[PDB]
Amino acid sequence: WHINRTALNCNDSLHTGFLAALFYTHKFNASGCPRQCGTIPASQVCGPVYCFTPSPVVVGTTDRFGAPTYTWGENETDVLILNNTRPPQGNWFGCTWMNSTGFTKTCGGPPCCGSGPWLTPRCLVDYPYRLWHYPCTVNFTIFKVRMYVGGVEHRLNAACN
């Protein structure tokens, strides 16, 4: 793992400030507030990419055949192969990331209805960039939860409303 494996193709044309919230932890005020997981081109990605086996895991850039690349996703051939963090057993896998112009993208998700990190309509997996991708969950409460998929025990934090 290396800083350079973060895709950094970011573009805040409208001056919304979302790109600043990549570098700083920005909490929101009240006013401001499926699909399968394949392989996405790094050019459409801004900031770190998280996947959820319930448990959160980061996906770094690689080339098309999976060898790690360290060029911030600037290379046309740079991709994030989401499915290579899919654990071989268990039916739970979702991912989330920011596209280049600050829109949260999701590939579900929970087996069902929910999408990406979301576990219930009420609850999503907590991870270091939740408030960036899902700013409107800023005053979700954090619960220690435990889930079993494919027999394996996952201990994680869930943010719930």
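Numbering starts at 1 and follows the sequence shown.
According to the entry, the deposited sequence runs straight from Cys136 to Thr137 with no unmodelled residues in between. The modelled chain breaks between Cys33 and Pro34, where 10 or more residues of the deposited sequence lack coordinates. For the segment pair 143-151 and 5-13, the entry gives 143-151 the higher mean B-factor, averaged over Cα atoms. Across the two stretches, 103-111 and 66-74, the PDB entry reports the greater mean Cα temperature factor for 103-111. Comparing the C-alpha B-factors of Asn29, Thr39, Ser43, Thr96 in the entry, the top value falls on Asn29. Comparing the C-alpha B-factors of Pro121, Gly60, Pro56, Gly47 in the entry, the top value falls on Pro121.
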